[PDB]
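Participant: I am sharing run34.cif, which consists of mmCIF, C-alpha atoms:
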```cif
data_start
loop_
_atom_site.label_atom_id
_atom_site.label_comp_id
_atom_site.auth_asym_id
_atom_site.auth_seq_id
_atom_site.Cartn_x
_atom_site.Cartn_y
_atom_site.Cartn_z
CA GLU C 1 119.84 103.35 118.39
CA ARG C 2 117.56 104.50 115.66
CA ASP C 3 116.32 100.96 114.81
CA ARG C 4 115.00 100.22 118.38
CA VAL C 5 113.24 103.53 118.22
CA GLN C 6 111.87 102.66 114.74
CA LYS C 7 110.51 99.31 116.03
CA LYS C 8 109.01 101.20 118.82
CA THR C 9 107.32 103.82 116.65
CA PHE C 10 106.16 101.27 114.09
CA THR C 11 104.63 99.13 116.80
CA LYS C 12 102.45 101.85 118.19
CA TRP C 13 101.42 102.98 114.74
CA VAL C 14 100.33 99.41 113.85
CA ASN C 15 98.46 99.04 117.19
CA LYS C 16 96.56 102.31 116.79
CA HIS C 17 95.15 100.76 113.64
CA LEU C 18 94.63 97.22 114.82
CA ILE C 19 92.31 98.15 117.63
CA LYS C 20 89.99 100.03 115.23
CA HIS C 21 89.28 96.84 113.27
CA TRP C 22 85.59 96.30 112.69
CA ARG C 23 85.75 92.70 113.62
CA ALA C 24 86.21 91.97 117.45
CA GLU C 25 88.49 89.01 117.00
CA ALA C 26 90.89 91.01 114.90
CA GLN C 27 91.13 93.83 117.41
CA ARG C 28 94.55 92.75 118.69
CA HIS C 29 97.63 94.34 120.29
CA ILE C 30 101.19 93.61 119.38
CA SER C 31 103.99 93.23 122.00
CA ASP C 32 106.90 92.47 119.78
CA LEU C 33 106.93 93.42 116.15
CA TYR C 34 109.37 90.62 115.27
CA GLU C 35 107.08 87.97 116.59
CA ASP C 36 103.52 89.19 116.38
CA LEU C 37 103.37 89.71 112.63
CA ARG C 38 104.85 86.30 111.75
CA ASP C 39 101.58 84.43 111.41
CA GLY C 40 100.26 87.05 109.00
CA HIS C 41 96.99 87.71 110.84
CA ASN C 42 97.79 91.14 112.10
CA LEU C 43 99.28 92.18 108.77
CA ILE C 44 96.00 91.29 107.09
CA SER C 45 94.08 93.16 109.75
CA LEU C 46 96.20 96.20 109.43
CA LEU C 47 95.61 96.30 105.65
CA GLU C 48 91.83 95.70 106.22
CA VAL C 49 91.51 98.77 108.52
CA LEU C 50 93.76 101.08 106.45
CA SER C 51 91.95 100.28 103.20
CA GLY C 52 88.44 99.34 104.43
CA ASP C 53 88.64 96.21 102.20
CA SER C 54 87.81 92.66 103.47
CA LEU C 55 90.68 90.31 102.78
CA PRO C 56 90.72 86.52 102.76
CA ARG C 57 92.36 84.86 105.75
CA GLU C 58 93.52 81.30 106.61
CA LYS C 59 92.32 80.15 110.14
CA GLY C 60 94.50 77.18 111.30
CA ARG C 61 97.86 77.00 113.22
CA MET C 62 100.37 75.49 110.76
CA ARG C 63 103.68 76.85 109.49
CA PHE C 64 102.49 77.14 105.90
CA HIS C 65 99.19 78.98 107.14
CA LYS C 66 101.60 81.75 108.33
CA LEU C 67 103.06 81.83 104.90
CA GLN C 68 99.62 81.91 103.23
CA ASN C 69 98.51 84.89 105.38
CA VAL C 70 101.71 86.82 104.75
CA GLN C 71 101.24 86.11 101.07
CA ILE C 72 97.69 87.46 101.13
CA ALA C 73 99.01 90.71 102.60
CA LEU C 74 101.99 90.94 100.22
CA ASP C 75 99.70 90.09 97.25
CA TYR C 76 97.30 92.86 98.33
CA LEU C 77 100.01 95.36 98.27
CA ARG C 78 101.47 94.20 95.02
CA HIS C 79 97.94 94.38 93.44
CA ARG C 80 98.00 98.07 94.47
CA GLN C 81 101.34 98.76 92.76
CA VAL C 82 103.46 98.68 95.91
CA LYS C 83 106.98 97.76 94.99
CA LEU C 84 108.03 95.14 97.53
CA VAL C 85 111.56 95.51 96.47
CA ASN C 86 112.01 91.78 97.13
CA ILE C 87 110.44 90.13 100.13
CA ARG C 88 109.40 86.67 100.44
CA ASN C 89 106.70 85.25 102.62
CA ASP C 90 109.53 83.59 104.56
CA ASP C 91 111.21 86.77 105.60
CA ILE C 92 108.12 87.87 107.47
CA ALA C 93 107.17 84.47 108.71
CA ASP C 94 110.63 84.01 110.13
CA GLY C 95 110.63 87.41 111.77
CA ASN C 96 113.50 89.08 109.91
CA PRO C 97 113.94 92.59 111.49
CA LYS C 98 115.15 94.60 108.62
CA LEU C 99 112.49 93.31 106.31
CA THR C 100 109.70 93.44 108.91
CA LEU C 101 110.64 97.10 109.57
CA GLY C 102 110.89 97.69 105.86
CA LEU C 103 107.42 96.22 105.24
CA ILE C 104 105.83 98.38 107.83
CA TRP C 105 107.53 101.46 106.50
CA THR C 106 106.36 100.65 103.10
CA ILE C 107 102.81 100.43 104.41
CA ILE C 108 103.16 103.75 106.29
CA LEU C 109 104.44 105.45 103.17
CA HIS C 110 101.74 104.02 101.02
CA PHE C 111 98.81 104.77 103.21
CA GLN C 112 99.80 107.67 105.24
CA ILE C 113 102.75 109.64 103.93
CA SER C 114 102.10 109.66 100.21
CA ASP C 115 98.95 111.94 100.02
CA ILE C 116 101.02 114.91 101.15
CA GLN C 117 100.23 117.66 98.62
CA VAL C 118 101.28 121.23 99.34
CA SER C 119 100.60 124.33 97.20
CA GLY C 120 103.55 125.55 95.10
CA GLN C 121 105.66 122.43 95.60
CA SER C 122 107.90 121.06 92.87
CA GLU C 123 106.76 118.15 90.50
CA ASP C 124 109.54 115.78 91.46
CA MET C 125 110.05 116.60 95.04
CA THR C 126 109.49 113.35 97.01
CA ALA C 127 106.63 112.79 99.38
CA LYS C 128 109.20 113.35 102.26
CA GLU C 129 110.43 116.50 100.48
CA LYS C 130 106.80 117.64 100.38
CA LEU C 131 106.31 117.07 104.09
CA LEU C 132 109.37 118.99 104.81
CA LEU C 133 108.07 121.97 102.84
CA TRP C 134 104.89 121.83 104.75
CA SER C 135 106.83 121.80 108.01
CA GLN C 136 108.94 124.80 106.95
CA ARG C 137 105.88 126.71 105.80
CA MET C 138 104.21 125.86 109.11
CA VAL C 139 107.01 127.69 110.91
CA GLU C 140 108.11 130.36 108.39
CA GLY C 141 107.55 133.28 110.80
CA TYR C 142 108.72 131.86 114.11
CA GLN C 143 111.94 133.62 115.06
CA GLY C 144 114.91 131.78 113.45
CA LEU C 145 113.79 128.12 113.76
CA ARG C 146 114.72 126.21 110.63
CA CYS C 147 113.30 122.95 109.52
CA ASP C 148 116.17 121.62 107.38
CA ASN C 149 115.65 117.89 107.93
CA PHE C 150 113.60 115.18 109.70
CA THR C 151 116.26 114.45 112.28
CA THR C 152 118.36 117.08 114.22
CA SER C 153 116.02 119.82 113.48
CA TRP C 154 113.31 118.21 115.61
CA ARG C 155 115.51 117.34 118.61
CA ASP C 156 114.74 120.28 121.00
CA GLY C 157 110.96 120.28 120.56
CA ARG C 158 110.73 123.76 119.18
CA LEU C 159 109.42 122.69 115.77
CA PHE C 160 106.69 120.58 117.22
CA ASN C 161 105.51 123.25 119.57
CA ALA C 162 105.56 125.89 116.94
CA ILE C 163 103.54 123.68 114.72
CA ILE C 164 100.93 123.01 117.37
CA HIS C 165 100.85 126.78 118.10
CA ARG C 166 99.07 127.37 114.73
CA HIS C 167 95.69 126.60 116.05
CA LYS C 168 96.26 126.10 119.63
CA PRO C 169 98.19 129.33 120.06
CA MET C 170 96.30 129.44 123.31
CA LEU C 171 97.69 126.08 124.53
CA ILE C 172 101.28 126.66 124.09
CA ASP C 173 103.52 129.49 125.17
CA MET C 174 106.49 129.77 122.81
CA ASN C 175 108.29 131.86 125.29
CA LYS C 176 108.42 129.10 127.92
CA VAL C 177 109.37 126.99 124.86
CA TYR C 178 112.71 128.81 124.50
CA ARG C 179 113.26 128.48 128.27
CA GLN C 180 112.40 124.78 128.61
CA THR C 181 114.66 121.68 128.22
CA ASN C 182 114.35 119.50 125.10
CA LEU C 183 112.48 116.93 127.10
CA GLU C 184 109.88 119.25 128.60
CA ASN C 185 109.26 120.78 125.20
CA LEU C 186 108.77 117.31 123.61
CA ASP C 187 106.46 116.02 126.32
CA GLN C 188 104.30 119.06 126.14
CA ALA C 189 104.15 119.08 122.36
CA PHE C 190 103.22 115.43 122.29
CA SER C 191 100.70 115.69 125.23
CA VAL C 192 99.04 118.71 123.68
CA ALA C 193 98.71 117.09 120.28
CA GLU C 194 97.02 114.08 121.87
CA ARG C 195 94.47 115.93 124.04
CA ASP C 196 93.60 118.81 121.77
CA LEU C 197 94.29 117.65 118.26
CA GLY C 198 93.55 113.94 118.37
CA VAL C 199 97.13 112.85 117.49
CA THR C 200 98.38 109.65 119.02
CA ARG C 201 101.60 109.76 120.89
CA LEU C 202 103.95 107.67 118.62
CA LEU C 203 107.26 108.99 120.02
CA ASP C 204 108.64 109.31 123.64
CA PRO C 205 110.44 112.44 124.56
CA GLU C 206 113.52 110.26 125.20
CA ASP C 207 113.42 108.79 121.69
CA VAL C 208 113.83 112.37 120.13
CA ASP C 209 116.32 114.22 122.40
CA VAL C 210 119.37 112.43 121.11
CA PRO C 211 122.18 113.45 118.86
CA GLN C 212 120.50 111.81 115.79
CA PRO C 213 116.75 111.33 115.93
CA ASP C 214 115.57 108.39 113.72
CA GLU C 215 114.36 109.91 110.46
CA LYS C 216 111.48 107.45 109.72
CA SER C 217 109.99 107.62 113.11
CA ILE C 218 110.00 111.43 113.03
CA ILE C 219 108.42 111.36 109.64
CA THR C 220 105.73 109.01 110.83
CA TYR C 221 104.85 111.26 113.73
CA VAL C 222 105.05 114.49 111.66
CA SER C 223 102.86 112.97 109.01
CA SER C 224 100.35 112.44 111.70
CA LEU C 225 100.45 116.13 112.57
CA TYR C 226 100.03 117.08 108.93
CA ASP C 227 96.94 114.91 108.87
CA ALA C 228 95.48 116.93 111.76
CA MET C 229 96.26 120.43 110.47
CA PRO C 230 97.40 120.81 106.81
#
```
Please go through the file and, once you have read it, give me the structure as structure tokens.

Facilitator:
Amino acid sequence: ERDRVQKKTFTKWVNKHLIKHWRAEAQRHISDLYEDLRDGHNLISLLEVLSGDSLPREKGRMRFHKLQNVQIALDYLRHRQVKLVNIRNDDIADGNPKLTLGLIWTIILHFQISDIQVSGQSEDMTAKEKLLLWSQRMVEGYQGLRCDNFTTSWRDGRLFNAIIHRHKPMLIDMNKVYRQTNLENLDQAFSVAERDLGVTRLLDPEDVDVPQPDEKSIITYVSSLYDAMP
């Protein structure tokens, strides 16, 4: 299901950032997203690295120290005009999945997805509508591949390869692309983007070759491409 994939994707995204913390003790790794954010420490760390700001933190063990640290993170975001539609400290401290996923998505949008500007876009297209237009424009010439959406259109790997073939034309062979299975095409795309473009592998080939790829995870990964070659 799309939610286990989303947890998955979100977890790697958060970890990529955690380990670049400037402070050693904060350089942590999450195993389960629905446990390892509860105490608020990694949420605060994640906001520290993404913003470069130094945030207060509460050291102890206690239940209400978890709450305090979540509140510091939520308060940070609210002070930056992020609409936390309604989340309490509790939701995160208790490990609620929907809201924990929602909070991470909100952070991904705010910090990563929302700077997407492309030339000749419309005024009130969304930031996802703007990414889409970029993706389309990135493959305008390749022979009858559409990008219509951030799900089914990505399933066979063609889009990703075609995108990477725009400055590593040398590293991928689009011909083999139209001969390869979905899985081969995904692995390759994702392994090329890591080695030669500096793009962390957020998705597994298995997560994407399914009838309905999870829209947020695909957007997270494709945003990451955009960041490497706009």

Participant: Might you pull out every residue within 10 Å of residue 165 of chain C, with all atoms listed in the file counted and same-chain residues fewer than 4 positions away left off, and present them as a ChimeraX atom specification?

Facilitator: /C:138-139,159-161,169-174,189,192

Participant: Selected residues, C-alpha atoms, written as an mmCIF file, keeping the file's coordinate frame, please.

Facilitator:
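Written out: out26.cif:
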```cif
data_model
loop_
_atom_site.group_PDB
_atom_site.id
_atom_site.type_symbol
_atom_site.label_atom_id
_atom_site.label_comp_id
_atom_site.auth_asym_id
_atom_site.auth_seq_id
_atom_site.Cartn_x
_atom_site.Cartn_y
_atom_site.Cartn_z
ATOM 1 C CA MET C 138 104.210 125.860 109.110
ATOM 2 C CA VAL C 139 107.010 127.690 110.910
ATOM 3 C CA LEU C 159 109.420 122.690 115.770
ATOM 4 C CA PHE C 160 106.690 120.580 117.220
ATOM 5 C CA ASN C 161 105.510 123.250 119.570
ATOM 6 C CA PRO C 169 98.190 129.330 120.060
ATOM 7 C CA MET C 170 96.300 129.440 123.310
ATOM 8 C CA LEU C 171 97.690 126.080 124.530
ATOM 9 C CA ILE C 172 101.280 126.660 124.090
ATOM 10 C CA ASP C 173 103.520 129.490 125.170
ATOM 11 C CA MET C 174 106.490 129.770 122.810
ATOM 12 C CA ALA C 189 104.150 119.080 122.360
ATOM 13 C CA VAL C 192 99.040 118.710 123.680
#
```

Participant: Which is closest to residue 163 of chain C among C:7, C:179, C:137, C:88, if we use only C-alpha atoms?

Facilitator: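 Of C:7, C:179, C:137, C:88, the one nearest residue 163 of chain C is C:137, counting only C-alpha atoms.
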
Participant: Check which residues of segment 5-60 of chain C sit at most 10 Å from segment 64-75 of chain C using only C-alpha atoms, and return one row each with the closest pair of atoms and their distance in Å to one decimal, ordered by chain and rising number, as JSON lines.

Facilitator:
```
{"residue": "C:37", "atom": "CA", "partner": "C:70", "partner_atom": "CA", "distance": 8.6}
{"residue": "C:38", "atom": "CA", "partner": "C:66", "partner_atom": "CA", "distance": 6.6}
{"residue": "C:39", "atom": "CA", "partner": "C:66", "partner_atom": "CA", "distance": 4.1}
{"residue": "C:40", "atom": "CA", "partner": "C:70", "partner_atom": "CA", "distance": 4.5}
{"residue": "C:41", "atom": "CA", "partner": "C:69", "partner_atom": "CA", "distance": 6.3}
{"residue": "C:42", "atom": "CA", "partner": "C:69", "partner_atom": "CA", "distance": 9.2}
{"residue": "C:43", "atom": "CA", "partner": "C:73", "partner_atom": "CA", "distance": 6.3}
{"residue": "C:44", "atom": "CA", "partner": "C:73", "partner_atom": "CA", "distance": 5.4}
{"residue": "C:45", "atom": "CA", "partner": "C:73", "partner_atom": "CA", "distance": 9.0}
{"residue": "C:46", "atom": "CA", "partner": "C:73", "partner_atom": "CA", "distance": 9.2}
{"residue": "C:47", "atom": "CA", "partner": "C:73", "partner_atom": "CA", "distance": 7.2}
{"residue": "C:48", "atom": "CA", "partner": "C:73", "partner_atom": "CA", "distance": 9.5}
{"residue": "C:55", "atom": "CA", "partner": "C:72", "partner_atom": "CA", "distance": 7.7}
{"residue": "C:56", "atom": "CA", "partner": "C:72", "partner_atom": "CA", "distance": 7.2}
{"residue": "C:57", "atom": "CA", "partner": "C:69", "partner_atom": "CA", "distance": 6.2}
{"residue": "C:58", "atom": "CA", "partner": "C:65", "partner_atom": "CA", "distance": 6.1}
{"residue": "C:59", "atom": "CA", "partner": "C:65", "partner_atom": "CA", "distance": 7.6}
{"residue": "C:60", "atom": "CA", "partner": "C:65", "partner_atom": "CA", "distance": 6.5}
```

Participant: Taking into account only C-alpha atoms, which residue in the set C:122, C:212, C:54, C:106 is nearest to residue 23 of chain C?

Facilitator: C:54

Participant: If you apply the PyMOL selection byres ((chain C and resi 230) around 9) to this file, what residues do you get, as a ChimeraX atom specification?

Facilitator: /C:116,118,134,138,225-229

Participant: Just say which residues the PyMOL selection byres ((chain C and resi 217) around 10) picks in this file, as a ChimeraX atom specification.

Facilitator: /C:2-3,5-10,13,105,150-151,202-203,207-208,213-216,218-223

Participant: For residue 180 of chain C, which residue among C:63, C:78, C:158, C:16 is the nearest when counting only C-alpha atoms?

Facilitator: C:158

Participant: How many Å separate atom CA of residue 19 of chain C from atom CA of residue 117 of chain C?

Facilitator: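 Atom CA of residue 19 of chain C sits 28.4 Å away from atom CA of residue 117 of chain C.
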
Participant: For each of C:224, C:188, C:27, C:51, take the minimum atom-to-atom distance to residue 111 of chain C, counting all atoms listed in the file, then give the residue where this is smallest.

Facilitator: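 Of the candidates, the smallest distance to residue 111 of chain C is held by C:51.
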
Participant: Can you list, as number ranges by chain, every protein, DNA or RNA residue that comes within 8 Å of residue 127 of chain C when you count all atoms listed in the file, leaving out same-chain residues fewer than 2 positions away?

Facilitator: C: 113-116, 125, 129-131

Participant: For the atom pair atom CA of residue 102 of chain C and atom CA of residue 82 of chain C, what is the interatomic distance in Å to one decimal place?

Facilitator: 12.5 Å

Participant: Env of residue 96 of chain C: 10 Å cut, atoms = all atoms listed in the file, seq-sep filter 5 positions within chain, self excluded. Answer as a list in words.

Facilitator: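 Answer for this query is residues 34, 35, 38, 90, 91, 101 and 102 of chain C.
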
Participant: Using all atoms listed in the file, find the one residue out of C:52, C:157, C:120, C:141 that sits nearest to residue 205 of chain C.

Facilitator: C:157
